[PDB]
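J.: Line by line, the protein sequences are chains S, R, A, V and Y. Numbered per UniProt numbering, the first sequence spans residues 26 to 69, 102 to 115, 234 to 297. For the second sequence, UniProt numbering assigns the number 524 to the last residue and increments by one with no breaks. For the third sequence, UniProt numbering assigns the number 525 to the last residue and increments by one with no breaks. For the fourth sequence, UniProt numbering assigns the number 553 to the last residue and increments by one with no breaks. For the fifth sequence, UniProt numbering assigns the number 553 to the last residue and increments by one with no breaks. Idealized CB from N, CA, C, for every residue including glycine.
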Amino acid sequence: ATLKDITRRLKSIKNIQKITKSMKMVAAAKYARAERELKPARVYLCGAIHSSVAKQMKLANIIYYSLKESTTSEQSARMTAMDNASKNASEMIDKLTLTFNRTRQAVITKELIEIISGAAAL
Amino acid sequence: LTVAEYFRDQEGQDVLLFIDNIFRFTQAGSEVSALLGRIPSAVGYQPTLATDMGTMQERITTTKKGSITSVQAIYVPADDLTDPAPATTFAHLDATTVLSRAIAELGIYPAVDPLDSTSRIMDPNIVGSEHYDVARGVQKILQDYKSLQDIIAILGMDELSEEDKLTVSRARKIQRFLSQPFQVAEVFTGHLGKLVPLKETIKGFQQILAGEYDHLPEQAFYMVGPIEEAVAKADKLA
Amino acid sequence: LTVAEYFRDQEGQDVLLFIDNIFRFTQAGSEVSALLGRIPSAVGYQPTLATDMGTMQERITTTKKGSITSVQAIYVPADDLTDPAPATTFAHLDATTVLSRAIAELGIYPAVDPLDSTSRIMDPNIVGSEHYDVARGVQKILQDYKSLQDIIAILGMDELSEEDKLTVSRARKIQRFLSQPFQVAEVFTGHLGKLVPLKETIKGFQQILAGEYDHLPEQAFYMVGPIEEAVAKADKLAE
Amino acid sequence: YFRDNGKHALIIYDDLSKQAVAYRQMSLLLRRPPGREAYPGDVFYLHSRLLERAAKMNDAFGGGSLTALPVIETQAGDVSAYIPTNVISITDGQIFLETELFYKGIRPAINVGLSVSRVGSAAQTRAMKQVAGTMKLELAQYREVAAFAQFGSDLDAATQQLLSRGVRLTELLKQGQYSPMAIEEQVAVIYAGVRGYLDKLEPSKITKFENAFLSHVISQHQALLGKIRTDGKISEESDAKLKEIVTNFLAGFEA
Amino acid sequence: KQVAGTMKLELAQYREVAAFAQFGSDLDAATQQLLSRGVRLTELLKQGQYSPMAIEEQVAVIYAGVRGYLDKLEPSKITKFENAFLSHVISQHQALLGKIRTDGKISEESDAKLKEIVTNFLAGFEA
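#1: Could you tell me which whole beta strand (DSSP E) segments of length 3 or greater appear in the region 289-339 of chain R?
#2: Would you mind working out which of V:321, V:353, V:327 sits nearest residue 340 of chain V, comparing C-alpha positions?
#3: Which residue comes first and which comes last in the alpha helix (DSSP H) that contains residue 432 of chain V?
#4: Are the beta-carbon atoms belonging to residue 528 of chain A and residue 499 of chain A less than 8 Å from one another?
#5: The alpha helix (DSSP H) with residue 428 of chain A in it runs from where to where?
#6: Could you name the residues of chain V that residue 328 of chain R contacts, counting a contact when the two beta carbons are closer than 7 Å?
#7: Starting from the beta carbon of residue 266 of chain S, find every residue of chain V whose beta carbon is closer than 9 Å, and list them in chain order.
#8: Would you please verify whether the beta carbon of residue 284 of chain S is less than 8 Å from any beta carbon of chain V?
#9: Quick one, which residues of the region 520-539 of chain Y are near chain A if we go by CB-CB under 7 Å, in chain order?
#10: Run down chain S in chain order and give the residues with a C-beta less than 9 Å from the C-beta of residue 332 of chain V.
#11: Kindly indicate which three-state DSSP category residue 407 of chain V falls into: helix, strand or coil?
#12: At a cut of 8 Å, does the region 358-376 of chain A reach the region 305-313 of chain A through at least three beta carbon pairs?
#13: Which residue spans inside the region 341-373 of chain V form an unbroken alpha helix (DSSP H) run of at least 4?
#14: Got a sec: which bits of the region 417-444 of chain A sit with their beta carbon under 7 Å from any beta carbon on chain Y, in order along the chain?
#15: Helix or strand or just coil, what does DSSP make of residue 358 of chain A?
#16: Of the residues A:487, A:496, A:427, which one's Cα is nearest the Cα of residue 512 of chain A?
#17: Compare the Cα-Cα distances from residue 290 of chain R to each of R:345, R:482, R:502 and report the closest residue.
#18: Report the rounded CA-to-CA distance for residue 550 of chain V versus residue 506 of chain R, giving the unit in angstroms.
#19: Measuring CB to CB, does residue 508 of chain R end up less than 8 Å from residue 455 of chain R?
#20: Is it true that the region 251-269 of chain S meets the region 35-45 of chain S, where meeting means three or more beta-carbon pairs spaced less than 8 Å apart?
#21: Just list the residues that DSSP pairs residue 382 of chain A with in beta bridges.
#22: Please go through the same chain and pick out, in chain order, the residues whose beta-carbon is closer than 8 Å to the beta-carbon of residue 303 of chain V, but skip the five residues on each side of it.
#23: If we ignore side chains and look at the alpha-carbon of each, how far apart do residue 468 of chain R and residue 479 of chain R end up?
#24: Report the option in V:437, V:326, V:433, V:386 whose CA atom is closest to the CA atom of residue 416 of chain V.
#25: Contact between the region 373-390 of chain A and the region 410-425 of chain A is defined here as three or more beta-carbon pairs at a separation below 8 Å; is this criterion met?
#26: I'd like to check one pair, residue 336 of chain R with residue 323 of chain V: are the Cβ atoms closer than 8 Å?
#27: Using DSSP with H/G/I as helix, E/B as strand and the rest coil, what is residue 514 of chain Y?
#28: Who are the Cβ neighbours of residue 255 of chain S in its own chain at under 7 Å, not counting the five residues just before and after it?
#29: Which residue wins for smallest C-alpha separation from residue 520 of chain R, given the options R:459, R:484, R:328?
#30: Given that residue 325 of chain R touches chain S, what residues does it touch there, using C-beta distances under 7 Å?
#31: Any beta-carbon of chain R closer than 8 Å to the one on residue 105 of chain S?
#32: Kindly indicate if chain V contains any beta-carbon less than 8 Å away from that of residue 336 of chain R.
#33: Using a 10 Å radius around the Cβ and a threshold of 16 neighbouring Cβ atoms, would you call residue 518 of chain V buried or exposed?
#34: To the nearest angstrom, report how far apart residue 315 of chain R and residue 370 of chain R are at their CA atoms.
#35: Taking just the CA atoms, how far does residue 381 of chain V sit from residue 28 of chain S?
#36: State the Cα-Cα distance for the pair residue 500 of chain V and residue 434 of chain V, rounded to the nearest angstrom.
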């Protein structure tokens with residue numbers, strides 16, 4: 026492990042953490058409205106949504240119906256996706272911080288030992 | 287420590303020793319050790335890190351005369367708790383008080399984070415069952431409310447079930463009931479300082495959790511001492 | 287150095303001093319250091335690194351007698367720019383051209399890192415306001431792109447606004463427009479050596495910043511000369 | 299002493315981590331060459347020679363024994379650090395206590411997936427094999443059907459039961475300090491969950507079930523416990539007997 | 427102190443949502459506004475080298491952003507505005523800058539005067 030490399034990965038995953046957390050709330054806000062519009066509707102990275110319906114795919236009443244269900248399900252899966260995504264990101268960060276601190280201490284100890292030895296040989 | 291030892295070993299008092307800070311105590315040690323020509327151990331700390339720390343901490347104890355409790359300010363180098371210095375210090379700590387600026391910004395003074403600050407003696411076979419469960423309830427209600435913090439400004443503070451709406455209010459009441467006017471602030475904020483005894487502290491939050499005061503404004507439980515004062519304040523708020 | 291010093295003083299002529307590699311001065315010292323009975327300093331370098339470098343470097347300077355434009359190639363151990371050797375050399379320069387292996391790997395030559403190179407004359411009251419504005423503008427867009435990189439690293443892309451997708455494209459073109467086929471590296475670039483005059487340099491980048499050439503592929507700037515060669519190449523790259 | 303006198307002794311080293319640092323202080327003062335983590339290159343032998351003494355003597359040599367329970371303090375749960383791995387390469391097993399589990403309320407916080415006992419199963423009471431044996435199998439399945447993403451809509455009756463059993467068993471393994479349990483009492487409370495007498499009960503009530511059913515069998519079933527204790531093996535008679543015992547309690551367990 | 431506190435607070439909130447800015451696919455006006463004030467104040471913190479300005483001048487430019495007379499102006503133009511505005515007050519308004527010092531704070535009168543200056547200047551800037 027190299028502190029320079031660890032620091033790099035730390036920053037990137039930290040970015041992804043913020044980004045993901047953001048998208049989560051954004052989609053959640055949409056889902057909030059969607060859940061409410063779900064009532065009037067039935068009066069007539103987004104998780105496994107596209108693939109799911111894709112591996113099955115290949234008037235106005237029904238079209239509007241499905242369309243309204245699409246947005247909802249999409250925001251649902253996306254919200255849950257990003258939710259867990261940021262959670263995973265956070266864990267990955269803490270793990271890297273621990274490995275970082277280990278490399279950090281090791282580095283100091285190594286150099287210091289090399290100095291002591293070098294001196295204790297004159 | 288010696289100045290404090292006197293009172294304990296002579297007058298049998300319960301002295302309070304403040305060490306600000308403990309990290310600089312260890313650093314001074316590594317330095318002295320270095321000057322004496324001792325080979326530095328991990329991360330450059332003195333080999334006698336264990337003893338140097340131990341001997342000093344061991345004097346801070348309770349005897350059959352008095353006691354010496356030490357509030358030591360801690361500095362975690364590189365925010366690394368596994369680093370030798372803090373790693374060693376933690377081996378002699380019994381409790382922690384994390385002063386969080388965020389809490390201070392919310393106006394909660396003292397700014398003691400009610401989720402980080404922990405104590406080992408906070409065990410039923412020590413602080414008692416009642417105290418333990420009451421303390422637990424406070425920590426739990428606050429955690430639950432924290433979980434809802436997100437949903438609040440997302441789905442809308444109304445979709446929450448009765449219990450959730452109750453936990454929110456109660457948690458906020460408790461959160462506020464955590465602030466206490468210090469006598470030191472008397473010669474500044476112009477407010478009488480309070481010395482809330484452990485009994486009233488337990489009973490107070492115990493009642494809040496029971497919801498016995500679910501009818502009083504949250505502000506009533508802000509910067510007050512015994513729960514009784516909060517009640518009176520509520521009446522003043524009308 | 288002594289050779290250049292003579293031409294400088296007792297001649298009062300402009301002397302060019304090219305040294306490659308100056309790092310070897312420091313390395314040579316660390317080798318004999320142990321045999322000279324010195325205690326190892328940080329990273330095992332001799333404890334007299336700074337002073338030794340100072341006594342020498344300080345002689346390599348322009349005086350009121352003569353001017354010496356010195357160009358020194360400074361090696362960076364394990365690319366660690368924090369290594370006591372290159373780290374101490376930085377403070378003895380007026381212009382630093384940091385070469386990055388990453389950029390070299392991409393294929394942009396010279397592998398100059400546009401966000402780690404600086405000059406003392408880069409003051410708007412020396413190289414001119416227009417030049418300063420262009421240089422800073424280029425550095426900025428590149429930095430912005432660098433920040434957007436890790437952002438979309440593993441998060442798609444179709445989310446960035448028109449501005450972001452515009453900065454990315456432009457920054458990349460500018461990035462590839464930095465590469466200039468060197469005559470020396472002709473047997474490495476497989477291209478003819480080109481030299482671009484400052485005026486055309488400012489002109490081209492200033493125009494790219496203005497987004498005038500936003501109708502040309504990135505590869506149209508990759509390893510070219512004046513912006514004219516980029517435009518001509520663009521039309522030439524019909525297929 | 300006891301070991302070589304046909305007696306059995308137990309020694310607990312709390313903890314070998316601090317001893318290692320103490321030995322390091324000495325070594326460094328002695329100017330002995332600092333190795334990994336500045337620890338002297340013999341900290342292993344320091345712990346090896348020590349733990350090596352703990353052994354089981356055969357009948358010819360009295361039949362004594364010295365069981366050792368060394369304690370090691372890790373950092374950030376790094377069970378790959380020099381000292382930890384060294385002790386791990388000396389003992390015949392470890393009991394990993396995760397911090398998360400502790401704060402999570404799981405006490406004792408024994409990570410049933412990392413903790414191992416190389417030479418100890420053969421010393422486990424038969425009665426335990428008859429209940430704990432099938433228990434760990436269930437706990438294995440439960441552990442398998444898990445993920446960090448707690449918010450996961452999982453179903454399938456099969457995996458569902460694995461989860462249902464798992465959480466209940468976990469609650470059964472929870473135990474407080476200063477309250478050790480006799481082996482016969484252990485197999486009894488474990489029997490409840492393993493056989494599924496807790497499947498039709500709320501996870502929260504499981505703990506309460508233990509702190510009710512236990513005293514229930516201790517009092518009105520000293521005979522049954524005594525049988526299992528003496529035989530050390532739950533006979534079919536005692537098994538079917540215990541089946542009724544638990545059932546009668548289930549029919550009257552107030553919540 | 428008067429204008430330092432508000433700026434500091436606003437900047438904090440900005441940083442708390444800074445990341446959400448570059449991913450502002452759908453945000454509430456509140457968060458957007460925080461980003462608006464944020465970037466503008468950030469631009470105001472820019473200062474040329476070899477040109478240290480007086481405290482009255484500093485509070486003057488801070489007033490422009492903090493009070494929101496730049497939330498609408500594009501961030502790129504903010505840097506230009508600061509220059510033109512500051513240079514303008516230092517000229518035909520030395521009295522105001524001076525009064526700030528004399529009063530030791532932004533008096534209600536000077537607050538109203540600056541208000542009329544920034545509003546009229548804004549229109550003149552975007553016309």
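T.: In short, the structure shows the following:
#1: If we require 3 residues or more, the beta strand (DSSP E) runs fully inside the region 289-339 of chain R come out as 300-305.
#2: Closest by C-alpha distance to residue 340 of chain V, out of V:321, V:353, V:327, is V:321.
#3: Boundaries of the alpha helix (DSSP H) around residue 432 of chain V: 430-442.
#4: The structure shown does not extend to residue 528 of chain A, since chain A spans only 287 to 525, so no value can be given for it.
#5: Run containing residue 428 of chain A: 415-438, per the alpha helix (DSSP H) assignment.
#6: Going along chain V in sequence order, the residues near residue 328 of chain R (Cβ under 7 Å) are 335, 336.
#7: Near residue 266 of chain S (Cβ distances below 9 Å), the residues of chain V are 446.
#8: Closer than 8 Å to some Cβ of chain V, the Cβ of residue 284 of chain S qualifies, so yes.
#9: So the list is empty, because no residue satisfies the distance condition.
#10: Taking a Cβ-Cβ cut-off of 9 Å, the neighbours of residue 332 of chain V in chain S comprise 284, 287, 288, 291, 292, given in sequence order.
#11: Note: residue 407 of chain V maps to coil in three-state DSSP.
#12: Yes, the region 358-376 of chain A touches the region 305-313 of chain A.
#13: Here the runs fully enclosed are 341-351.
#14: Those would be 437, in chain order.
#15: In the structure shown, residue 358 of chain A sits in a strand (DSSP, three-state: E or B).
#16: Of the candidates A:487, A:496, A:427, the residue whose Cα lies closest to the Cα of residue 512 of chain A is A:487.
#17: When each option's Cα is compared against that of residue 290 of chain R, the closest is R:345.
#18: Approximately 47 Å, taken between the alpha carbons.
#19: No, Cβ-Cβ distance for residue 508 of chain R and residue 455 of chain R is not below 8 Å.
#20: Per the Cβ contact rule, the region 251-269 of chain S is in contact with the region 35-45 of chain S (3 or more Cβ pairs under 8 Å).
#21: Answer by DSSP bridge pairing, in chain order: A:404.
#22: Once the five neighbours on either side are set aside, the close Cβ partners of residue 303 of chain V are 360, 362.
#23: Going from the Cα of residue 468 of chain R to the Cα of residue 479 of chain R covers about 4 Å.
#24: Nearest C-alpha to residue 416 of chain V: V:386.
#25: Touching, no.
#26: It is a contact, given that the beta carbons lie within the stated cut-off.
#27: Here residue 514 of chain Y sits in helix by DSSP.
#28: So the qualifying residues of the chain are 104.
#29: Selected option, being the one with the closest Cα: R:459.
#30: Those are 291, listed as they occur along chain S.
#31: Chain R, which has no Cβ nearer than 8 Å to the Cβ of residue 105 of chain S, makes this no.
#32: Proximity of residue 336 of chain R to chain V, defined by a Cβ-Cβ separation below 8 Å, is satisfied.
#33: Classified as exposed, residue 518 of chain V has fewer than 16 neighbouring CB atoms from the shown chains inside 10 Å of its CB.
#34: The alpha-carbon atoms of residue 315 of chain R and residue 370 of chain R are separated by roughly 13 Å.
#35: Rounded to whole angstroms, residue 28 of chain S to residue 381 of chain V spans 23 Å at the Cα level.
#36: Residue 500 of chain V and residue 434 of chain V: Cα-Cα distance of roughly 21 Å.
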